[PDB]
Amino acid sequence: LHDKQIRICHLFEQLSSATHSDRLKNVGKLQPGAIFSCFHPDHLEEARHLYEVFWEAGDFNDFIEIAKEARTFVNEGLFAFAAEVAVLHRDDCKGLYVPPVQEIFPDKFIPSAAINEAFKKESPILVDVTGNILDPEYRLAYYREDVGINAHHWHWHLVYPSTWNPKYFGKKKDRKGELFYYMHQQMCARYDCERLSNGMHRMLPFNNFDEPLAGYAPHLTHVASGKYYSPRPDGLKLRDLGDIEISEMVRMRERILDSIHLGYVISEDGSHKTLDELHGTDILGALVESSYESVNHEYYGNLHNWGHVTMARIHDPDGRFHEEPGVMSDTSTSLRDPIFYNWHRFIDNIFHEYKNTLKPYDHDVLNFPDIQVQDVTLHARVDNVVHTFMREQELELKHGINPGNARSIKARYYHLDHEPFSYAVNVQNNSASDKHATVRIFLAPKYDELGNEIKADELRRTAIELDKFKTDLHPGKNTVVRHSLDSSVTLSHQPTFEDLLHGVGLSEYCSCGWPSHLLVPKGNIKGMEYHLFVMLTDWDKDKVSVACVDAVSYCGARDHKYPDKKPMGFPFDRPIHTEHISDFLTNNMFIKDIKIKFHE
């Protein structure tokens, strides 16, 4: 298995320099050096043909053999995509990690400037990553450009591929459309908490497709070709591509909004399928993204993914300038671009429209009889205050760019981080028996950037999930203690290439999950006030040998149903009809006011 791990690391090494068999016939279309789009139908189709070949490779040795052959001529982004899907899903690869994508393609995570200087200069090279900041959105560069959030977004879309065919794999990805919704909703809620942390208004939806887009220059090179991700200047409008017209996207949106308000979608055979309470968000995520499991691809289209494609190609809509797409084409770079967030707030508003047709939860669904949460305290250096700060890290570039005779080229970057903290929850169990509880913890900003109080129904768009875990409760008083390091949304550990080649990449071998260091928002130098919300629910009603649950909340569980029956984002997914969230609270719910205080 360590021998297996070594041989997988080798498939991913110097993959920008990597570049036939009847199996490999339908693959080799996209040219090496070109940027691979994780969203355009034709790049994804070639990517599926390749991971199909990898999937039906007779045995491990056969998978490595055919892969090694494919990587000599297929596009290298496509290969890393198809190869990560094979390693995640082949039974004979269980227990193996894939190398970190930021070490496979360092040039997607570090500015051209640091790469050029590292390619400019046998001792270790270190490149530390000046100029007027004239863009106010640069205040959130620490967030959008974080190495770990971009790597998480790459990995999530490969655990939950839009081309997944359950009939082919024999396996269903449980509630994949609903987790498409929730995970992108949580990225929006977390981004808006960073915007309010830095004194900015919450982001507006891109819901009018004639509005000019604001610009973003990525400053990322593609060493494989010397091509770069194309910058987008301020002031261009979406234009028709050869494959898709903007007015066709407007049709897809209208037809989806139509069905939400009628309460049923139309399948391919023309029958009506009701958006029930139980499956409606999943059905909607599949036809919105869209995925293979869309009930009617011809009618509802492919709106979210064509959004990425038209936005990534806006500088060269018909290809006449022969310019590569921008960072919105690729899941490992798209969060860098501000417009990612405006597009996903639009897409989140479609799901929000559907959640608004559902009746608010009543007290019977919210209450857990006999459990009463009596107090929550957050324990940190100062109780009920978390401190955030910037910290330095380095990334090894030698496995992905050509090191020559240097032993190591590292680039140093900085990233937000937070002191460790823990929760103590006091719970009175008034029954004469042991209860089992899921503890659900969320964080929500108290005020907006102009000091107004955010009302209960709007905290649905900004409540971020911090944890979900089972505890047992004995009759009487209980204190539940939980540590931040154990959060069910965060990746606890990514072994580097060097780790996996030696045995220091050491079950929990998947790479999806939120970065530990971005568990909580930045806050600000004064101390920004947040509602800390804790709810306990009856685990015998929630509950649905599991690998890859380190980040269960956002990533689900390997080969396993999503282990919580409640709607994703419960209790905050349905309209709350009460103005102040403190009037929402039931006895098994509690809010403690905390502050988050950034240190400059």
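We number the residues from 1 along the sequence you see.
_If I compare the deposited sequence with the modelled residues, how many are absent between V544 and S545: none, 1 to 3, 4 to 9, or 10 or more?_
Per the deposited record, the segment joining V544 and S545 lacks coordinates for 4 to 9 residues.
_Quick check on the record: how many residues from the deposited sequence are absent from the model between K121 and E122 (none, 1 to 3, 4 to 9, 10 or more)?_
Per the deposited record, the segment joining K121 and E122 lacks coordinates for 4 to 9 residues.
*For the stretches 89 to 97 and 333 to 341, which has the higher mean C-alpha B-factor as given in the deposited record?*
In the deposited entry, the stretch with the higher C-alpha B-factor mean is 89 to 97.
_Comparing average C-alpha B factors as deposited, tell me which of 52 to 60 and 38 to 46 sits higher._
Mean CA B-factor is higher for 52 to 60.
*If you compare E245, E353, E458, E145, which has the highest Cα B-factor in the entry?*
Of the options given, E458 has the highest CA B-factor in the PDB entry.
*Which of these has the highest Cα B-factor in the record: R381, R175, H308, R232?*
Of the options given, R381 has the highest CA B-factor in the PDB entry.
*Which third, lowest, middle or highest, does the CA B-factor of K566 fall in along this chain?*
For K566, the deposited C-alpha B-factor lands in the lowest third.
*Once the chain's modelled residues are ordered by C-alpha B factor and cut into thirds, is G527 in the lowest, middle or highest one?*
For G527, whose C-alpha B-factor we compare with every modelled residue in the chain, the answer is the highest third.
*Of the three thirds of its chain by CA temperature factor, lowest, middle or highest, which one includes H219?*
Its C-alpha B-factor belongs to the middle third of this chain's values.
*So where's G77 on the chain's Cα temperature factor ranking, which third?*
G77: CA B-factor falls in the middle third of its chain.
*How does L397 rank on Cα B-factor within its chain, lowest, middle or highest third?*
Answer is highest: the recorded C-alpha B-factor places it there.
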